[PDB]
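Structure file entry01.cif with mmCIF, N, CA and C atoms and all ligand atoms:
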data_start
loop_
_atom_site.label_atom_id
_atom_site.label_comp_id
_atom_site.auth_asym_id
_atom_site.auth_seq_id
_atom_site.Cartn_x
_atom_site.Cartn_y
_atom_site.Cartn_z
N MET A 166 71.69 -51.69 -74.56
CA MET A 166 70.80 -50.56 -74.73
C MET A 166 69.33 -50.92 -74.56
N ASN A 167 68.93 -52.13 -74.95
CA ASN A 167 67.54 -52.52 -74.79
C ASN A 167 67.14 -52.61 -73.33
N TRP A 168 68.10 -52.79 -72.43
CA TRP A 168 67.81 -52.73 -71.00
C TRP A 168 67.32 -51.34 -70.61
N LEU A 169 68.01 -50.31 -71.10
CA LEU A 169 67.57 -48.93 -70.88
C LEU A 169 66.20 -48.69 -71.49
N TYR A 170 65.99 -49.17 -72.71
CA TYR A 170 64.71 -49.00 -73.38
C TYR A 170 63.59 -49.64 -72.59
N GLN A 171 63.80 -50.86 -72.11
CA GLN A 171 62.76 -51.55 -71.36
C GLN A 171 62.49 -50.86 -70.03
N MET A 172 63.54 -50.35 -69.38
CA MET A 172 63.34 -49.63 -68.13
C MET A 172 62.49 -48.39 -68.35
N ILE A 173 62.84 -47.59 -69.36
CA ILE A 173 62.06 -46.39 -69.66
C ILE A 173 60.64 -46.76 -70.05
N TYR A 174 60.49 -47.80 -70.87
CA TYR A 174 59.17 -48.20 -71.35
C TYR A 174 58.27 -48.62 -70.20
N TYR A 175 58.79 -49.41 -69.27
CA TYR A 175 57.94 -49.90 -68.19
C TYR A 175 57.71 -48.84 -67.12
N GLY A 176 58.66 -47.92 -66.93
CA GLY A 176 58.37 -46.78 -66.08
C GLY A 176 57.25 -45.93 -66.64
N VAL A 177 57.32 -45.62 -67.93
CA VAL A 177 56.26 -44.86 -68.58
C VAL A 177 54.95 -45.63 -68.55
N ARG A 178 55.02 -46.95 -68.70
CA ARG A 178 53.82 -47.78 -68.65
C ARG A 178 53.15 -47.69 -67.29
N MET A 179 53.93 -47.81 -66.22
CA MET A 179 53.36 -47.72 -64.88
C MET A 179 52.78 -46.34 -64.62
N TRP A 180 53.49 -45.30 -65.05
CA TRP A 180 52.98 -43.94 -64.90
C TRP A 180 51.65 -43.77 -65.61
N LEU A 181 51.59 -44.17 -66.88
CA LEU A 181 50.36 -44.06 -67.65
C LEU A 181 49.25 -44.87 -67.02
N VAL A 182 49.55 -46.08 -66.55
CA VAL A 182 48.54 -46.94 -65.97
C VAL A 182 47.91 -46.27 -64.76
N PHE A 183 48.75 -45.88 -63.79
CA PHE A 183 48.25 -45.24 -62.58
C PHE A 183 47.45 -43.99 -62.91
N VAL A 184 48.04 -43.09 -63.70
CA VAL A 184 47.41 -41.80 -63.98
C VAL A 184 46.08 -42.00 -64.70
N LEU A 185 46.10 -42.75 -65.80
CA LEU A 185 44.92 -42.88 -66.63
C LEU A 185 43.81 -43.63 -65.90
N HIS A 186 44.15 -44.66 -65.14
CA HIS A 186 43.11 -45.40 -64.44
C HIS A 186 42.50 -44.56 -63.32
N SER A 187 43.33 -43.83 -62.57
CA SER A 187 42.80 -42.93 -61.55
C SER A 187 41.89 -41.88 -62.17
N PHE A 188 42.33 -41.28 -63.28
CA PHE A 188 41.54 -40.24 -63.93
C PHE A 188 40.23 -40.79 -64.46
N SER A 189 40.26 -41.97 -65.09
CA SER A 189 39.04 -42.55 -65.64
C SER A 189 38.06 -42.91 -64.54
N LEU A 190 38.55 -43.51 -63.46
CA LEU A 190 37.69 -43.88 -62.35
C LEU A 190 37.06 -42.64 -61.72
N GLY A 191 37.87 -41.61 -61.46
CA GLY A 191 37.33 -40.38 -60.92
C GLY A 191 36.34 -39.71 -61.85
N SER A 192 36.58 -39.80 -63.16
CA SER A 192 35.68 -39.19 -64.13
C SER A 192 34.33 -39.89 -64.13
N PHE A 193 34.33 -41.23 -64.13
CA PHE A 193 33.08 -41.96 -64.04
C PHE A 193 32.35 -41.63 -62.75
N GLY A 194 33.08 -41.56 -61.64
CA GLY A 194 32.47 -41.18 -60.38
C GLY A 194 31.83 -39.81 -60.44
N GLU A 195 32.52 -38.84 -61.05
CA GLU A 195 31.99 -37.49 -61.11
C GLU A 195 30.76 -37.41 -62.01
N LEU A 196 30.77 -38.16 -63.11
CA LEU A 196 29.59 -38.20 -63.97
C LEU A 196 28.40 -38.80 -63.23
N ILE A 197 28.64 -39.85 -62.44
CA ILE A 197 27.57 -40.44 -61.64
C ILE A 197 27.05 -39.43 -60.63
N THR A 198 27.94 -38.67 -60.01
CA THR A 198 27.51 -37.66 -59.05
C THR A 198 26.71 -36.56 -59.72
N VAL A 199 27.04 -36.23 -60.96
CA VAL A 199 26.27 -35.23 -61.69
C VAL A 199 24.89 -35.77 -62.01
N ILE A 200 24.80 -37.06 -62.35
CA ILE A 200 23.51 -37.66 -62.64
C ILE A 200 22.64 -37.69 -61.39
N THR A 201 23.24 -37.96 -60.23
CA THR A 201 22.47 -38.13 -59.01
C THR A 201 22.18 -36.82 -58.29
N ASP A 202 23.06 -35.83 -58.40
CA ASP A 202 22.82 -34.54 -57.76
C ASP A 202 21.64 -33.83 -58.40
N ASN A 203 21.48 -33.98 -59.71
CA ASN A 203 20.33 -33.42 -60.41
C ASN A 203 19.07 -34.27 -60.25
N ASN A 204 19.18 -35.46 -59.65
CA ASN A 204 18.04 -36.34 -59.41
C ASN A 204 18.20 -36.90 -58.00
N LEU A 205 17.67 -36.18 -57.02
CA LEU A 205 17.89 -36.53 -55.62
C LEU A 205 17.11 -37.75 -55.18
N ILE A 206 16.26 -38.31 -56.04
CA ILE A 206 15.69 -39.62 -55.74
C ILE A 206 16.78 -40.68 -55.76
N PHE A 207 17.85 -40.45 -56.53
CA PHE A 207 18.98 -41.36 -56.61
C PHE A 207 20.16 -40.93 -55.74
N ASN A 208 20.15 -39.70 -55.21
CA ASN A 208 21.25 -39.23 -54.36
C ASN A 208 21.12 -39.88 -52.98
N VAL A 209 21.38 -41.18 -52.97
CA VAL A 209 21.27 -42.03 -51.79
C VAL A 209 22.44 -43.00 -51.86
N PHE A 210 22.74 -43.64 -50.73
CA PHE A 210 23.76 -44.68 -50.71
C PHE A 210 23.15 -45.92 -51.35
N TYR A 211 23.06 -45.88 -52.68
CA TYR A 211 22.24 -46.84 -53.42
C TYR A 211 22.86 -48.22 -53.49
N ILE A 212 24.18 -48.32 -53.55
CA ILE A 212 24.85 -49.62 -53.50
C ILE A 212 25.12 -50.02 -52.06
N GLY A 213 25.45 -49.05 -51.21
CA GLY A 213 25.76 -49.30 -49.82
C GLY A 213 26.97 -48.51 -49.38
N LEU A 214 27.08 -48.28 -48.08
CA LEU A 214 28.19 -47.49 -47.57
C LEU A 214 29.51 -48.25 -47.69
N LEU A 215 29.50 -49.55 -47.39
CA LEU A 215 30.70 -50.38 -47.44
C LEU A 215 30.79 -51.23 -48.70
N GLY A 216 29.66 -51.58 -49.30
CA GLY A 216 29.66 -52.45 -50.46
C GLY A 216 30.45 -51.88 -51.62
N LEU A 217 30.08 -50.68 -52.06
CA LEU A 217 30.81 -50.02 -53.13
C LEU A 217 32.25 -49.76 -52.73
N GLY A 218 32.46 -49.31 -51.49
CA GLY A 218 33.81 -49.02 -51.05
C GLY A 218 34.68 -50.26 -50.95
N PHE A 219 34.12 -51.34 -50.41
CA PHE A 219 34.85 -52.60 -50.33
C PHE A 219 35.19 -53.13 -51.71
N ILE A 220 34.23 -53.05 -52.64
CA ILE A 220 34.46 -53.53 -54.00
C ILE A 220 35.55 -52.71 -54.67
N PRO B 2 -14.71 -13.26 5.03
CA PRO B 2 -14.68 -12.76 3.65
C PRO B 2 -15.95 -13.10 2.88
N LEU B 3 -16.33 -14.38 2.91
CA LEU B 3 -17.55 -14.87 2.30
C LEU B 3 -18.43 -15.52 3.36
N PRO B 4 -19.76 -15.44 3.24
CA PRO B 4 -20.61 -16.11 4.22
C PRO B 4 -20.58 -17.62 4.06
N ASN B 5 -21.00 -18.31 5.12
CA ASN B 5 -20.97 -19.76 5.12
C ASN B 5 -21.90 -20.35 4.07
N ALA B 6 -22.94 -19.61 3.69
CA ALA B 6 -23.89 -20.10 2.69
C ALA B 6 -23.20 -20.34 1.36
N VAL B 7 -22.32 -19.43 0.95
CA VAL B 7 -21.64 -19.57 -0.32
C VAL B 7 -20.68 -20.74 -0.28
N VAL B 8 -20.03 -20.95 0.86
CA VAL B 8 -19.05 -22.03 0.98
C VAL B 8 -19.74 -23.38 0.95
N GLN B 9 -20.76 -23.56 1.79
CA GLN B 9 -21.46 -24.83 1.86
C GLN B 9 -22.42 -25.04 0.70
N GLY B 10 -22.72 -24.00 -0.07
CA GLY B 10 -23.52 -24.14 -1.27
C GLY B 10 -25.01 -24.01 -1.08
N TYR B 11 -25.46 -23.62 0.11
CA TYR B 11 -26.88 -23.50 0.38
C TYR B 11 -27.09 -22.52 1.51
N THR B 12 -28.21 -21.81 1.45
CA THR B 12 -28.53 -20.82 2.46
C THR B 12 -29.12 -21.47 3.70
N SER B 13 -30.15 -22.29 3.52
CA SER B 13 -30.87 -22.92 4.62
C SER B 13 -30.78 -24.43 4.59
N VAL B 14 -31.14 -25.06 3.47
CA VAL B 14 -31.29 -26.50 3.37
C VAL B 14 -30.39 -27.01 2.26
N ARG B 15 -29.72 -28.12 2.53
CA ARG B 15 -28.88 -28.77 1.53
C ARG B 15 -29.76 -29.63 0.64
N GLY B 16 -29.78 -29.31 -0.65
CA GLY B 16 -30.61 -30.02 -1.58
C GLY B 16 -29.94 -31.30 -2.05
N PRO B 17 -30.71 -32.38 -2.24
CA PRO B 17 -30.10 -33.61 -2.75
C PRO B 17 -29.71 -33.47 -4.21
N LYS B 18 -28.54 -34.01 -4.54
CA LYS B 18 -28.04 -34.03 -5.91
C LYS B 18 -28.34 -35.39 -6.52
N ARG B 19 -28.89 -35.38 -7.72
CA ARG B 19 -29.11 -36.63 -8.43
C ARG B 19 -27.76 -37.27 -8.73
N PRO B 20 -27.53 -38.53 -8.35
CA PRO B 20 -26.23 -39.14 -8.62
C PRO B 20 -26.01 -39.34 -10.11
N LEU B 21 -24.77 -39.69 -10.44
CA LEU B 21 -24.40 -39.92 -11.83
C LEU B 21 -24.83 -41.31 -12.27
N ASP B 22 -25.32 -41.40 -13.50
CA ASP B 22 -25.68 -42.68 -14.08
C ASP B 22 -24.43 -43.45 -14.47
N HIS B 23 -24.54 -44.78 -14.46
CA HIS B 23 -23.39 -45.66 -14.68
C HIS B 23 -23.43 -46.43 -15.99
N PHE B 24 -24.62 -46.80 -16.47
CA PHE B 24 -24.76 -47.63 -17.67
C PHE B 24 -24.07 -48.98 -17.48
N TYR B 25 -24.66 -49.77 -16.59
CA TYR B 25 -24.16 -51.09 -16.26
C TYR B 25 -23.98 -51.94 -17.52
N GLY B 26 -22.92 -52.74 -17.52
CA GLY B 26 -22.65 -53.65 -18.61
C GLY B 26 -21.83 -53.07 -19.74
N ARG B 27 -21.22 -51.91 -19.54
CA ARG B 27 -20.40 -51.30 -20.58
C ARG B 27 -19.53 -50.23 -19.94
N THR B 28 -18.54 -49.78 -20.70
CA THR B 28 -17.56 -48.86 -20.16
C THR B 28 -18.16 -47.46 -20.05
N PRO B 29 -17.71 -46.65 -19.09
CA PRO B 29 -18.14 -45.25 -19.07
C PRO B 29 -17.64 -44.51 -20.30
N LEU B 30 -18.47 -43.58 -20.78
CA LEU B 30 -18.15 -42.76 -21.95
C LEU B 30 -18.16 -41.31 -21.50
N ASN B 31 -16.96 -40.77 -21.29
CA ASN B 31 -16.77 -39.39 -20.88
C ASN B 31 -15.63 -38.81 -21.71
N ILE B 32 -15.39 -37.52 -21.52
CA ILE B 32 -14.28 -36.87 -22.22
C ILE B 32 -12.96 -37.48 -21.80
N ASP B 33 -12.86 -37.96 -20.57
CA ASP B 33 -11.64 -38.57 -20.06
C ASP B 33 -11.58 -40.07 -20.27
N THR B 34 -12.72 -40.72 -20.53
CA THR B 34 -12.77 -42.13 -20.91
C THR B 34 -12.95 -42.22 -22.42
N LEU B 35 -11.86 -41.94 -23.13
CA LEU B 35 -11.78 -42.17 -24.57
C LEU B 35 -10.55 -42.97 -24.97
N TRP B 36 -9.52 -43.03 -24.12
CA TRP B 36 -8.37 -43.87 -24.38
C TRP B 36 -8.73 -45.35 -24.45
N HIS B 37 -9.88 -45.75 -23.92
CA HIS B 37 -10.34 -47.12 -24.09
C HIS B 37 -10.59 -47.45 -25.55
N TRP B 38 -10.97 -46.45 -26.34
CA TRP B 38 -11.29 -46.62 -27.75
C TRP B 38 -10.19 -46.15 -28.68
N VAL B 39 -9.37 -45.19 -28.24
CA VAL B 39 -8.38 -44.54 -29.08
C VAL B 39 -7.07 -44.53 -28.30
N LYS B 40 -6.22 -45.51 -28.56
CA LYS B 40 -4.86 -45.50 -28.04
C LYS B 40 -3.97 -44.67 -28.96
N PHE B 41 -2.73 -44.48 -28.52
CA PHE B 41 -1.75 -43.82 -29.37
C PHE B 41 -1.48 -44.70 -30.59
N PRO B 42 -1.13 -44.11 -31.74
CA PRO B 42 -0.83 -44.94 -32.91
C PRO B 42 0.31 -45.92 -32.67
N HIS B 43 0.02 -47.20 -32.90
CA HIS B 43 0.97 -48.28 -32.69
C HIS B 43 1.00 -49.31 -33.81
N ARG B 44 0.10 -49.23 -34.79
CA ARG B 44 -0.02 -50.27 -35.81
C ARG B 44 0.85 -50.01 -37.03
N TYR B 45 1.00 -48.74 -37.42
CA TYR B 45 1.67 -48.38 -38.66
C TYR B 45 2.86 -47.46 -38.39
N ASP B 46 3.69 -47.82 -37.41
CA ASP B 46 4.85 -47.01 -37.08
C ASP B 46 5.99 -47.24 -38.06
N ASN B 47 6.22 -48.49 -38.44
CA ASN B 47 7.29 -48.79 -39.38
C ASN B 47 6.93 -48.29 -40.77
N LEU B 48 5.66 -48.42 -41.14
CA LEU B 48 5.17 -47.76 -42.34
C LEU B 48 5.33 -46.26 -42.24
N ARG B 49 5.22 -45.70 -41.04
CA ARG B 49 5.45 -44.27 -40.87
C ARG B 49 6.89 -43.92 -41.19
N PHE B 50 7.83 -44.72 -40.70
CA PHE B 50 9.24 -44.51 -41.02
C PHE B 50 9.46 -44.55 -42.53
N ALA B 51 8.93 -45.58 -43.19
CA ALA B 51 9.10 -45.72 -44.64
C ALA B 51 8.50 -44.53 -45.39
N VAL B 52 7.27 -44.15 -45.03
CA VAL B 52 6.59 -43.09 -45.75
C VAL B 52 7.25 -41.75 -45.49
N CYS B 53 7.78 -41.52 -44.29
CA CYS B 53 8.52 -40.30 -44.03
C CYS B 53 9.76 -40.23 -44.91
N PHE B 54 10.49 -41.34 -45.02
CA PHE B 54 11.65 -41.38 -45.90
C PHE B 54 11.26 -41.05 -47.33
N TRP B 55 10.23 -41.72 -47.84
CA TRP B 55 9.85 -41.55 -49.24
C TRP B 55 9.31 -40.15 -49.49
N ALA B 56 8.59 -39.58 -48.53
CA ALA B 56 8.07 -38.23 -48.68
C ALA B 56 9.21 -37.22 -48.74
N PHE B 57 10.16 -37.32 -47.81
CA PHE B 57 11.35 -36.47 -47.85
C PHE B 57 12.05 -36.58 -49.20
N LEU B 58 12.25 -37.81 -49.67
CA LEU B 58 13.04 -38.01 -50.87
C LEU B 58 12.32 -37.47 -52.11
N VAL B 59 11.03 -37.75 -52.23
CA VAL B 59 10.28 -37.31 -53.40
C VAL B 59 10.15 -35.79 -53.40
N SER B 60 9.89 -35.20 -52.23
CA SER B 60 9.84 -33.75 -52.13
C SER B 60 11.16 -33.12 -52.53
N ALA B 61 12.27 -33.68 -52.04
CA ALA B 61 13.58 -33.15 -52.38
C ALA B 61 13.84 -33.26 -53.87
N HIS B 62 13.46 -34.39 -54.47
CA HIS B 62 13.64 -34.59 -55.90
C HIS B 62 12.91 -33.52 -56.69
N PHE B 63 11.61 -33.39 -56.47
CA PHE B 63 10.83 -32.47 -57.28
C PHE B 63 11.19 -31.02 -56.98
N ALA B 64 11.54 -30.70 -55.73
CA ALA B 64 11.96 -29.35 -55.40
C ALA B 64 13.28 -29.00 -56.09
N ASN B 65 14.24 -29.93 -56.09
CA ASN B 65 15.50 -29.66 -56.76
C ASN B 65 15.31 -29.52 -58.26
N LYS B 66 14.45 -30.35 -58.85
CA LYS B 66 14.20 -30.23 -60.28
C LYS B 66 13.55 -28.89 -60.61
N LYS B 67 12.58 -28.47 -59.80
CA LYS B 67 11.94 -27.18 -60.00
C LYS B 67 12.94 -26.04 -59.88
N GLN B 68 13.77 -26.07 -58.83
CA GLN B 68 14.74 -25.01 -58.61
C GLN B 68 15.75 -24.93 -59.75
N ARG B 69 16.27 -26.08 -60.17
CA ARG B 69 17.24 -26.10 -61.26
C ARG B 69 16.60 -25.65 -62.57
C1 LIG C 1 -9.37 -12.92 0.48
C2 LIG C 1 -9.53 -11.45 0.38
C3 LIG C 1 -10.97 -11.04 0.39
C4 LIG C 1 -11.71 -11.50 -0.84
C5 LIG C 1 -12.63 -12.61 -0.47
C6 LIG C 1 -13.50 -13.11 -1.58
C7 LIG C 1 -12.69 -13.85 -2.59
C8 LIG C 1 -13.60 -14.48 -3.59
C9 LIG C 1 -12.87 -15.19 -4.67
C10 LIG C 1 -12.85 -16.68 -4.43
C11 LIG C 1 -14.11 -17.28 -4.96
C12 LIG C 1 -14.25 -18.76 -4.83
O1 LIG C 1 -15.54 -19.05 -5.30
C13 LIG C 1 -15.99 -20.31 -5.04
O2 LIG C 1 -16.76 -20.69 -6.17
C14 LIG C 1 -17.27 -21.99 -6.01
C15 LIG C 1 -17.76 -22.50 -7.34
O3 LIG C 1 -17.08 -23.65 -7.57
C16 LIG C 1 -18.35 -22.00 -4.91
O4 LIG C 1 -18.85 -23.32 -4.78
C17 LIG C 1 -20.15 -23.44 -4.30
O5 LIG C 1 -21.04 -23.66 -5.36
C18 LIG C 1 -21.02 -24.96 -5.87
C19 LIG C 1 -21.85 -25.07 -7.15
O6 LIG C 1 -21.70 -23.93 -7.90
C20 LIG C 1 -21.54 -25.93 -4.82
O7 LIG C 1 -21.72 -27.18 -5.37
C21 LIG C 1 -20.47 -25.96 -3.71
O8 LIG C 1 -20.80 -26.81 -2.70
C22 LIG C 1 -20.18 -24.53 -3.19
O9 LIG C 1 -18.96 -24.50 -2.59
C23 LIG C 1 -17.61 -21.64 -3.61
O10 LIG C 1 -18.49 -21.57 -2.58
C24 LIG C 1 -16.86 -20.30 -3.78
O11 LIG C 1 -16.05 -20.12 -2.69
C1 LIG C 2 -13.27 -36.33 -36.28
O1 LIG C 2 -13.50 -37.09 -35.13
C2 LIG C 2 -14.50 -38.06 -35.26
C3 LIG C 2 -15.44 -37.99 -34.06
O2 LIG C 2 -16.38 -39.03 -34.15
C4 LIG C 2 -15.99 -40.23 -33.54
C5 LIG C 2 -16.78 -41.39 -34.13
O3 LIG C 2 -17.01 -42.36 -33.15
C6 LIG C 2 -17.73 -43.47 -33.60
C7 LIG C 2 -16.99 -44.75 -33.20
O4 LIG C 2 -17.74 -45.87 -33.57
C8 LIG C 2 -17.46 -47.04 -32.84
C9 LIG C 2 -18.48 -47.77 -32.28
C10 LIG C 2 -18.20 -48.92 -31.56
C11 LIG C 2 -16.90 -49.37 -31.37
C12 LIG C 2 -16.61 -50.67 -30.56
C13 LIG C 2 -17.64 -50.84 -29.43
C14 LIG C 2 -16.81 -51.82 -31.56
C15 LIG C 2 -15.15 -50.66 -30.01
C16 LIG C 2 -14.65 -51.68 -28.95
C17 LIG C 2 -15.00 -53.14 -29.28
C18 LIG C 2 -13.12 -51.60 -28.98
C19 LIG C 2 -15.08 -51.32 -27.52
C20 LIG C 2 -15.88 -48.61 -31.95
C21 LIG C 2 -16.15 -47.46 -32.67
#
Would you mind writing the file's structure down as structure tokens?
Ligand SMILES: CCCCCCCCCCCCO[C@@H]1O[C@H](CO)[C@@H](O[C@H]2O[C@H](CO)[C@@H](O)[C@H](O)[C@H]2O)[C@H](O)[C@H]1O
Ligand SMILES: COCCOCCOCCOc1ccc(C(C)(C)CC(C)(C)C)cc1
Amino acid sequence: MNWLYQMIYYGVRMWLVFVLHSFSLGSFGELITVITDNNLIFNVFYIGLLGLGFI
Amino acid sequence: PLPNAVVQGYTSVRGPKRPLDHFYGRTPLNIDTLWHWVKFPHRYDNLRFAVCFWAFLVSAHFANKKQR
């Protein structure tokens, strides 16, 4: 039975990991966009077009 | 259509014209001889690029803040 438990646990773990990390990353991105859209001195490719994306 | 006097510029006798002065030892100064002193802007072009960028950006910043 612990095989079933571990399978369910790690499936739920992977689901939570993917979902929560994607949501948190997108949320930080959106907050940054809100900070920069209201301050167009910063609404620039401030890190770089490829630098941030590559990282 | 017009008499020869008007064309040649004189009725009877052609009058001598005083020639143009030259001012030896220096460049002529006329309305058309000014590019010797004033060329097209060539010294601060890259500064022009920078200042245009910064002007656009600062104007956009303050305009957006005012509008919001
Ligand atoms: C064609 C149908 C019938 C109509 C005929 C008449 C048409 C008239 C309109 C054209 C006028 C042209 O006018 C023209 O002006 C110039 C001024 O630069 C005159 O120019 C004249 O005076 C200048 C100085 O002022 C002299 O240095 C020059 O040697 C002499 O030519 C010409 O002599 C005249 O021909
Ligand atoms: C608003 O427009 C201003 C109109 O007035 C123009 C002012 O002109 C005065 C220019 O003064 C000088 C005088 C001498 C020179 C020299 C002879 C030094 C230039 C040189 C060495 C390139 C020939 C340059 C500028």
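Neighbours of ligand LIG 1 (chain C) at a cut-off of 9 Å, computed so that only C-alpha atoms and all ligand atoms are counted, are the residues residues 2, 3, 4, 5, 6, 7, 8, 9, 10 and 11 of chain B.
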Could you list, as a PyMOL selection string, every residue of chain B that has an atom within 7 Å of an atom of chain A, counting all atoms listed in the file? chain B and resi 58-59+61-63+65-66
Give as JSON, numbers by chain the residues surrounding ligand LIG 2 (chain C) up to a distance of 8 Å, considering all atoms listed in the file. {"B": [28, 37, 38, 39]}
Set up a box along x, y and z of the file covering all listed atoms of stretch 47-59 of chain B, add 4 Å on every one of the six sides, and write the centre and edge lengths in Å to one decimal, as JSON.
{"center_x": 9.1, "center_y": -42.3, "center_z": -45.9, "size_x": 15.9, "size_y": 21.0, "size_z": 23.0}
Just list as a PyMOL selection string whatever in chain A DSSP marks as alpha helix (DSSP H). chain A and resi 167-202+216-219
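Atom C of residue A:196 to atom C of residue A:210 spans 14.8 Å [interatomic distance, one decimal].
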To one decimal in Å, tell me the separation between atom CA of residue A:170 and atom CA of residue A:182.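 For atom CA of residue A:170 relative to atom CA of residue A:182, the distance reads 17.9 Å.
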Between atom CA of residue A:211 and atom CA of residue A:194 lies a distance of 13.6 Å
